[PDB]
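# Secondary and tertiary structure notes
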Amino acid sequence: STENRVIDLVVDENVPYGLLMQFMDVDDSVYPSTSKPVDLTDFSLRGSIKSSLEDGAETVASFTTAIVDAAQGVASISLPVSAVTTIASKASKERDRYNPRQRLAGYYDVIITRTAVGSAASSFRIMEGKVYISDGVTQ
Amino acid sequence: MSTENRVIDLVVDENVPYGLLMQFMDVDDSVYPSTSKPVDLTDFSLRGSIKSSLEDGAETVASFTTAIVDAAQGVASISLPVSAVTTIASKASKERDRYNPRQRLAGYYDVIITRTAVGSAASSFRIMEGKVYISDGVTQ
Amino acid sequence: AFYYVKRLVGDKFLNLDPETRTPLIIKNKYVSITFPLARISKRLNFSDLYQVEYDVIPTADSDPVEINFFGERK
Amino acid sequence: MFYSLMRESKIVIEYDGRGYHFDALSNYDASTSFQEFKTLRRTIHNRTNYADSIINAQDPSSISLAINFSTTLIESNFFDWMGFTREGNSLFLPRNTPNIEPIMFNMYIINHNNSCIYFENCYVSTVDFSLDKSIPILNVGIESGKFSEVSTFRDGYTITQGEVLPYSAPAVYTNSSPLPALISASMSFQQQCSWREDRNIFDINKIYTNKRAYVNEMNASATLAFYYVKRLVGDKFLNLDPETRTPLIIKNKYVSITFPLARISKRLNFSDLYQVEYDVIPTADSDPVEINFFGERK
Amino acid sequence: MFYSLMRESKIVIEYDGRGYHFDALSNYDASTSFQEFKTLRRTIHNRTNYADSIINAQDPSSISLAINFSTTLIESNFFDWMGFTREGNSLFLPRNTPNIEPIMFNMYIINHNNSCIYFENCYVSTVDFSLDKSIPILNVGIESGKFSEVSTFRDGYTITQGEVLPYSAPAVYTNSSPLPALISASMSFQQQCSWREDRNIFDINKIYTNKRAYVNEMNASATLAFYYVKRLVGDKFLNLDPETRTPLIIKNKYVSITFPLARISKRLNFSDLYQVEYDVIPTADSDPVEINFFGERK
Amino acid sequence: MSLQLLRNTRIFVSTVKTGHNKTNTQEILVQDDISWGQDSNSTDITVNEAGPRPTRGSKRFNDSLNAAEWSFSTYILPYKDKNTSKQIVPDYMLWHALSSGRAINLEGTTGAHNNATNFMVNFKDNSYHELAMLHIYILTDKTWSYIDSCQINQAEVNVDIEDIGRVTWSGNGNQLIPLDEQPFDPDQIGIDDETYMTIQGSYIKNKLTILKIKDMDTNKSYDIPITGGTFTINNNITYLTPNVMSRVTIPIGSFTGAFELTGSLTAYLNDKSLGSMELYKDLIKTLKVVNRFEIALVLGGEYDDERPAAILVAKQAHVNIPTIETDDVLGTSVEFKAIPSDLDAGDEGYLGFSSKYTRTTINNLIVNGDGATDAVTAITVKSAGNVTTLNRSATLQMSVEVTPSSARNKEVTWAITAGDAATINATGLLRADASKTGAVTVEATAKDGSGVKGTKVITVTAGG
Amino acid sequence: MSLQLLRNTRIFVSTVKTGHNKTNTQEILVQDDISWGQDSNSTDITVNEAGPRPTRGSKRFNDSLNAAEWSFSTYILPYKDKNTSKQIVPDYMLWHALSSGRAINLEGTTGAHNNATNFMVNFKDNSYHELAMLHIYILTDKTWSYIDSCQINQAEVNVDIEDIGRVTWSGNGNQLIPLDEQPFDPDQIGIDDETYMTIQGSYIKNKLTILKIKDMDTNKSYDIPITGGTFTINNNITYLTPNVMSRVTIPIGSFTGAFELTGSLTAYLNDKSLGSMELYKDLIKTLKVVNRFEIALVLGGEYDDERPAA
């Protein structure tokens, strides 16, 4: 368990990217952990892809948040193929050790937010990590 | 007979407000089992400050905002707004650590709970201590 | 086998508590054994430099354990 | 990040609310582990491959310390905590074990950057040292029930071991007649306790730690190694016959273990130079075994 | 005083009233010990700490001798004492064990200044020697019942081992066809006796020593090590199949152990150079196993 | 039909196996002691029988090849190049492959990076299992050859007085490969006469060697005239070779060991103040498990006018307990090891090479880490309005003036040392109270670690 | 502000750390090969990881100090002193601390004891775990120092013909301590010119070396002209140092080993009666596990008129 916010995204060159997050609320009080999904009301997600963590870093791209099926908790984060091309343009020429197709493009993090659901701006970061562009061959 | 854990290291998130709440509970070990009643925080105030070093003359990075949430349940919350988080992020050490470039050392913090009144004794108490770290964020 | 390393006082990520389910992967440039969910038990040895030792087995309901074989260029 | 070096450590034993920092520590060894219940439920329906393992208990820790003798004699507290009665600077082995449960204490293993490992519910289970031609050192062995990681701790600034005692050759006597050709006198003292496992159904879904224990027995023992030496033909003093009761003392300039009456068994080895080996235990009705601790000038 | 050096010793075996001083002794090992009955009577009244130990028996001694081959062949008496029948200079393994009890003899280990250790009621329980590329030597193993310290003794001035036999390469044959690529031929002979403990209530308050024993079995065995060698494709003579009955002889210039019919089991090891290992025992109806002792010129 | 002489060998260091240009390959001026090669392992299988007519025959198998060994010695020859006008040592890529495992970037701040003032090498970025990868090219007369995928194992520097400053390189390679065709024209890549003149203008003589040692636990600088010494940069690199029974194998990859920066310094015993005898007596009287010494070995000497020099700096060093070397003149040996503050921090030490070191340049290299970044030299603290005293319940916000005026770190800290009659804050706003009739002091020190002192005795009185 | 030369070293041997007089301390005339010191032990703790971006850093700890080593060579210089009129060697307390573990008593009969005829050293009273305890005082030019609680480990004597009779001492001490103040006036304690003349009157030349060997099992004295040899008096003394992880330690006590008195004697083969060839042939013909020989090596030769000898 503990914390696992750090996960790295590998986006594909020349292909639009879309991620599907099934938000969930597991509780291990009872031995079969409760599968209750969180209910997505007054929730907005924001995420930017910025090269390096230093202050003043240029914004490589910005995630486009989608909220669908609020009852069952799922949500989608995506960005158009034009955003993918803009990301791939500024990616470094050095390739990842384990995969000779990925190149480090920047860092990211998405931040959930409650906007005055109880007169509170309860915004906290969901996940984080590095964004990797995977060089394509089709185009 | 056991040990306390006054030394706690906090990790804040850049561009996000940080909220920590402490509950003070009275305890006792007797013939009947452990009886716990919340401590009534009346005339109880908190105050915390952050400096970049322990040595005298250290630059004050920021200070924490203190509040009491529920006296009957003995809950007090110690936190700082997002602007203070940004202020501490600016003043943090620039030295990164591999395997996790996010965290940077920000300084040392202390929290004193005090009860000041004419009939009350001038008693302070350092409830905690430790170091403050920052998880750098890219959004905002 | 690791070295006992802690980054914070009272750290939560790195400690000696057991982990009922956690995704683990022992990765190389040519092979990667994946445990979709793992049961980790820790053991500390007070040797010349403190060493912690894990005992990783897949959980009851974990997905099949992966063993990838990359020849060259993954 | 912060690595943890054994050489950069400090071991403090917490007893009665006071910290006994045991300096002059040559070497210590410890380990922590957990107990699992791993069963594989292979059925005719599904011959599964994935076990059902849950961590439910902490395996008791076995900590061993090697401590040099010191001028302030803090190390005699290990005999004191292990059950011996005290009069002045001499420790008696009581005729009967005083209490059912041993003397429990906590122990810290401090390290830099507020790092610590907290062993709780410990008891001294073994103490043995060899009086030989090398510097004497007593290896103590304690068993813990619960181990934990804590931020702040207890550090024995004042209660500490002084300078190590200078070497002095051992000598074993019978009354006041010296025993010739000594090789190595090894003394052993034990408090063979046993953990009382009380893991019950109220501890399901929880980690269990041993808390209570009882003393099976205490004992004092010594193994003496000599060279097979005879002064007369058909000698009576030095031979291989057993000795039901004989007063023995393994004496040094700083320590003297006394057996008011001893049961000696002899064993001859036909090695390069013939060696006899004694097995000294106190008799049934013998007076309490003495262990004197002389700091300086007796 | 008088120390006891192993190099300054003399081992004399007393049989039939004659002393067999076994010179050409490379090395011997022996030990003496006593048996104790140590019980701790912990009661609800007094949870005592002092045991009730009484020495009541002498643990049987296990003496091992390593004796070089000699020109006078005194060492064949160990086969003679262990139970083999004698005809000339050749020792037969009898089809049936002759007597229930082994052949008992006493042994002295002499040292300077009238010092001695007297092992009594001994019997030869093991004899094995390895014919190899080093000088052959047979390690005999005898077990004693009673050990004692005596002033005067028996010293074999005349009966003694002569000069050691010169080395000669071993060779193993089948009838008269040599077996190629020998590495190490090890022979083993045993008289697996057992002590009959008859400690009774009439021996209370006394030290008991074992006195009588019976032979469980005698046997002759040999382990042969070869290199895996084949001369033909699909060879019949040299292979890994077991051989129910085949005449074998492990021959030397001074000794020849003969198996009139042998049961051979083979074992192949895929080592740096492939090695096969035999396990030679005589068959059910095989004629008595021969052991010839040639001093010089056969 | 020709014999090849060792005197005609020429060594080129490359980071690429193709596209050789002046930024990837340069000649390395080597000496007589150059050596290279590759050894092979074998095995004999012998039958060991015991019978008569035994088999007496053996058989040999080639089983593996060892890692290629190479070594050579070069002179420490700092100079400034005309193209970039930045001080650089000709064998700079050797220093880089020794220092860090990243791609070479002289414009950066880690590993081998140069400047308009000096050439610098720091080990702050050597946490890699495979450091920067070189390819040594060997040209003997006409035939070519090279060692594939080399790694700089160590660099020996022997401080041998009455001799020139020299460094000995050692390392290992995967395989030594003989080349039949010319990889690159050695005439163009090799150093020309102009840069040769520029280099020979600058030589480092080991005789003019000053040493700067200071006990950080006591603030005691010693004056130790050296007799002879040496320091090493060691990587403990081990090359892994696979074991295959059917075919011979060559090493496939390597793994760097523990980075060690040790040294040994011999000097005569001096009875003068802060001499060798005082250091030896202090070290054998303290008997401490750990030592914190600052060691700055300055090859080539320090002078007001511009001189060449090579400097090794160990900020937090560890000094062994010295021993007395009984010779015709009594002496001692100061064996040290540069340890880091934290294991995974690097920064065990650094080096600075240049043909232009004024004393101030080496001083600010030692105390700031770079020869270009100026460092404070002296301080006199100033009050608020040239005030000489203070009365009870009065503030005194004191200021500071520093020299030089171009120091990078112009800030100071504040403290009270002697007397208890006032308190000071971070900014310097000294505050007092009543019942203060004693003389109190105030102090200030810079944050760059120069060791500059700012003192003032203010005569605080009870007032009129 | 001065450099110290080895040629100005002066060595004094003492049994007391205070109250230094002429009966507790005397100067020992040493040679060029004098040496002393003390070495220290350490340890490096290195992290050995396997992953990419591994930690490459070490750390050193001082853990213990070794026993101090000292050695020097002196000439065998017997003479008679004017005060007692008994033959005595100047480095007699060295011989005593080598020979016995009791307090020095030249009037006795064990260890180093003298007489009106000769100075004698026997090892009849060396059954001690800690022999007589000395303190070597070293004076180099102006600065003082000494080794605390030394013990004579061995004494090498090399019979090197065409050279003077000399003995080489070796030993160990608990700790080498540098002294800032003068312990005793070296002018008074040091040997004066009169005793120097008396000593230089008597020298032992290794060339004039007769050897007396006799087989006690056969009563056969041999005439062996020596070519070169050596004999040693060895104590095999080992110094014990405690192991403490938190603080460095110095040796605390010692324990003497097995006392060995060996030798080696080279000579040419002689065909004459009772020569080297006869001894060699007898020894290789008997082939006995034990031998009983009487050996009396006489340095300086034997003569009717008075001559020095060891």
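Method-wise, the PDB entry is recorded as coming from cryo-EM, at a reported resolution of 3.88 Å.

## Here's the deal with the overall build of chain C
Counting its regular elements, chain C contains zero helices and six strands. The C-alpha atoms of chain C give 15 Å as radius of gyration, which overshoots the globular expectation for 74 residues (11 Å, by more than 25%). With respect to the principal axes defined by its C-alpha atoms, chain C has extents near 40 × 30 × 20 Å. In chain C, once contacts between residues fewer than 6 apart in sequence are set aside, the share between residues at least 24 apart is 43%. Within the structure as shown, chain C displays about 4100 Å² of accessible surface, and the carbon and sulfur contribution to it stands at 55%. Within chain C, the 10 negative side-chain charges are centred at a point lying 6 Å from the centre of the 11 positive side-chain charges.

## Some details on the overall build of chain B
Check the secondary structure of chain B and you find one helix and ten strands. N-terminal to C-terminal, the α/β element order of chain B is β-β-β-β-β-β-β-β-α-β-β. Projected onto its principal axes, the C-alpha positions of chain B cover 55 × 35 × 30 Å. Buried residues in chain B amount to 40% of all 140 residues. Sequence-distant contacts in chain B: of pairs separated by 6 or more residues, those separated by 24 or more amount to 62%. Just so you have it, chain B exposes about 7700 Å², and 54% of that area is on carbon and sulfur atoms. Computed over 13 positive and 18 negative side-chain charges, the separation of the two mean positions in chain B equals 7 Å.

## Here we look at the pattern of salt bridges
According to the stated counting rule, one finds 63 salt bridges over all chains in the structure shown. With a shortest N-O distance of 2.9 Å, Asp 44 of chain F and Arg 60 of chain F are connected by a salt bridge. Here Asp 44 of chain F, found in strand 4 (residues 40-44), pairs with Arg 60 of chain F, found in strand 5 (residues 60-65); they are 16 residues apart in sequence, far enough to count as distant. A residue is classified by how much of its surface remains accessible, and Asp 44 of chain F, at 42% relative accessible area, is partly exposed. The exposed category is assigned to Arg 60 of chain F, whose relative accessible area is 60%. The salt bridge partner of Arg 307 of chain G is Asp 305 of chain G, with a shortest N-O separation of 2.7 Å.

## Digging into the relation of the copies chain E and chain D
With an axial shift of 0.0 Å and an RMSD of 0.0 Å, the rotation relating chain E to chain D amounts to 120 degrees. Here the symmetry operator amounts to a three-fold rotation axis.

## Comments concerning the interface of chain B and chain D
The interface is formed by ten residues belonging to chain B together with 14 residues belonging to chain D. Across the interface of chain B and chain D, roughly 820 Å² is buried in total on both sides, 55% from carbon and sulfur atoms. Together, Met 1, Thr 3 and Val 7 of chain B form the three largest contributors to the area buried by chain B at its contact with chain D, with a combined 58%. Linking chain B to chain D there are zero salt bridges.

## A look at the arrangement of the chains
For the non-touching pair chain A and chain E, the nearest C-alpha separation works out to 39 Å. With no contact between them, chain E and chain G keep their nearest C-alpha atoms 10 Å apart.

## Points about the interface of chain E and chain D
Across the boundary between the two partners, chain E contributes 34 residues, which contact 43 residues of chain D. Taken together, both faces of the contact between chain E and chain D bury some 3200 Å²; the carbon and sulfur share is 53%. Taken together, the connections running from chain E to chain D amount to two salt bridges. For the side of chain E that touches chain D, the elements supplying multiple residues, two or more each, are strand 1 (2-3), strand 5 (31-39), strand 6 (52-59), strand 10 (105-111) and strand 11 (115-131) of chain E. A per-element tally of the side of chain E that touches chain D places strand 5 of chain E first, with five residues.

## Side note on the pairing of strand 7 (residues 62-68) of chain D
Residue and element names in this part refer to chain D. In terms of burial, strand 7 is a largely internal element, five of the seven residues being buried. With four bridges joining them, strand 4 (residues 25-29) and strand 7 adopt antiparallel strand pairing. Residue pairing in the sheet places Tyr 28 in a bridge with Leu 65 of strand 7. For strand 7 and strand 12 (residues 137-143), the ladder comprises seven bridges, and the chain directions are antiparallel.

## Thoughts on the nonpolar core
Counting 151 residues, the largest nonpolar core has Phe 79 of chain D together with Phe 79 of chain E as the members making the most contacts within it. Excluding anything up to four places from it in sequence, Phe 79 of chain E contacts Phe 84, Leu 91, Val 127, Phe 129, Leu 138, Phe 189, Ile 291 and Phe 293 of chain E. Core analysis: the next-biggest nonpolar cluster, separate from the first, contains 64 residues, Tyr 92, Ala 97, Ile 152 and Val 167 of chain F among them.

## Details of a nonpolar patch on the surface
All names here are of chain G. Nonpolar side chains collect at one region of the surface, where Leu 269, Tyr 280, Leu 283 and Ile 284 lie side by side and expose about 370 Å² of accessible area between them. For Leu 269, the position within the fold is in the loop between strand 20 (260-267) and helix 4 (276-286). In this structure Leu 269 comes out as exposed when scored by relative accessible area, which is 56%.

## Describing the sheet that holds strand 15 (residues 210-215) of chain G
Residues and elements named next belong to chain G. As summarised here, the arrangement of the three strands in space is 16-15-21, forming an open sheet in which the pairing is antiparallel. One side of each edge strand has no neighbouring strand; the edge strands of this open sheet are strand 16 (220-222) and strand 21 (293-298). When the angles between neighbouring strand axes are averaged without regard to direction, this sheet yields 15 degrees. As defined by bridge partners, strand 15 adjoins strand 21 across six bridges and the pair is classed as antiparallel. The partner of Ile 210 across the bridge, within strand 21, is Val 298.

## Description of the packing of aromatic side chains
With the rule as written, the count across this model stands at 66 aromatic pairs over all chains. Both rings, one in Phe 22 of chain D and one in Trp 81 of chain D, keep their centres 6.1 Å apart while their planes meet at 80 degrees; by these two values the pair is edge-to-face. Of this pair, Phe 22 of chain D sits in the loop between strand 3 (18-21) and strand 4 while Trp 81 of chain D sits in helix 1 (residues 77-82); the two residues are 59 residues apart in sequence, bridging distant segments of the chain. Here the two residues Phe 22 of chain D and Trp 81 of chain D agree in accessibility, since each one is buried. Among the aromatic residues, those joined into a cluster by ring pairs are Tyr 15, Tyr 20, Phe 22, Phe 78, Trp 81 and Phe 105 of chain D. The side chain of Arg 307 of chain F reaches across the aromatic face of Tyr 303 of chain F, ending 4.2 Å from its centre. Here the guanidinium or amino end of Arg 53 of chain G rests over the ring plane of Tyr 128 of chain F, the centre of that ring lying 4.2 Å away.

## Digging into the side chain of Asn 239 of chain D
Of note, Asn 239 of chain D is situated in the loop between strand 18 (229-230) and strand 19 (243-251). Here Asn 239 of chain D is in contact with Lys 266 of chain D together with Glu 149 of chain E, once residues within four sequence places are set aside.

## Thoughts on unusual backbone geometry
Residues and elements named next belong to chain F. Cis geometry is found at the peptide bond from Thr 403 to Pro 404, where omega equals 0 degrees. Of note, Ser 435 is a non-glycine position whose phi angle comes to about 60 degrees, a positive value. Positionally, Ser 435 belongs in the loop between strand 31 (429-430) and strand 32 (440-446).

## Quick word on the side chain of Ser 254 of chain G
As for its position among the elements, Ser 254 of chain G is in strand 19 (residues 254-255). Residue classification places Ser 254 of chain G among the buried positions, given a relative accessible area of 2%. Side chain to side chain, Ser 254 of chain G and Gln 151 of chain G meet in a polar contact 2.3 Å long. Those residues in contact with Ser 254 of chain G that lie beyond four places of it in its chain are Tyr 167 of chain D together with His 129, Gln 151, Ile 237, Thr 238, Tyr 239 and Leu 240 of chain G.

## Focus on helix 1 (residues 92-99) of chain G
Here helix 1 of chain G lies mainly inside the structure; eight of its eight residues are buried. Inspection of helix 1 of chain G places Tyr 92, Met 93, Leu 94, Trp 95, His 96, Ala 97, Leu 98 and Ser 99 of chain G among the buried residues, and these make up the whole buried set.

## Some details on the sheet that holds strand 33 (residues 454-460) of chain F
Residues and elements named next belong to chain F. On the basis of which strands lie adjacent, the open sheet formed by four strands has the order 27-33-32-30 and mixed pairing. Two strands bound the open sheet, and with one partner strand each, they are strand 27 (389-390) and strand 30 (412-415). With four bridges joining them, strand 30 and strand 32 adopt antiparallel strand pairing. Bridge pairing links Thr 413 to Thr 445 in strand 32.

## Side note on a negative patch on the surface
A contiguous patch of negative charge on the surface is contributed by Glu 325, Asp 327 and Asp 328 of chain F together with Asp 32, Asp 33, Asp 39 and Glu 69 of chain G. Of note, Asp 33 of chain G is situated in the loop between strand 2 (25-28) and strand 3 (35-37). Assessed through its relative accessible area of 36%, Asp 33 of chain G is described here as partly exposed.

## Here we look at the pairing of strand 12 (residues 137-143) of chain E
Residue and element names in this part refer to chain E. Of the strand pairs in this sheet, strand 11 and strand 12 are connected by six bridges, and their pairing is antiparallel. Paired with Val 127 across the two strands is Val 140, which belongs to strand 12. In this antiparallel pair of consecutive strands, strand 11 and strand 12, the connection spans five residues.

Cut-offs and rules
Residues numbered from 1 in each chain as written, not as in the entry; some residues may be left out. Chains lettered and ligands numbered in written order. Part of a larger assembly, values for the part shown. Heavy atoms only, no water. Helix = DSSP H or I, 4+ residues; strand = E, 2+ residues; numbered from the N terminus. Rg over C-alpha atoms; globule rule 2.2 N^0.38 Å. Contact = heavy atoms within 4.5 Å. Areas by Shrake-Rupley, 256 points an atom, 1.4 Å probe, with all protein chains shown as cover. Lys, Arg positive; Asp, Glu negative; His and termini not counted. Charge placed at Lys NZ, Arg CZ, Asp CG, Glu CD. Buried < 20%, exposed > 50% of the residue type's maximum accessible area, 1.4 Å probe, protein only. Salt bridge = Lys/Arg side-chain N within 4 Å of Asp/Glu carboxyl O. Least-squares fit on C-alpha atoms. Buried area = accessible area lost by both parts, 1.4 Å probe. Pairing = 2+ DSSP bridges. Core = buried A, V, L, I, M, F, W, Y, C linked by side-chain atoms within 4.5 Å. Patch = residues over 30% accessible without salt bridge, like charges linked within 9 Å, V, L, I, M, F, W, Y side chains within 5 Å. Axes fitted to C-alpha atoms, helices over the stretch in contact; angles between N-to-C directions. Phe/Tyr/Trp six-rings, centres within 6.5 Å; stacked < 30°, edge-to-face > 60°. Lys NZ or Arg CZ within 6 Å of the ring centre and 35° of its normal. Polar contact = N/O pair within 3.5 Å; in protein donor to acceptor, adjacent residues only side chain to side chain.

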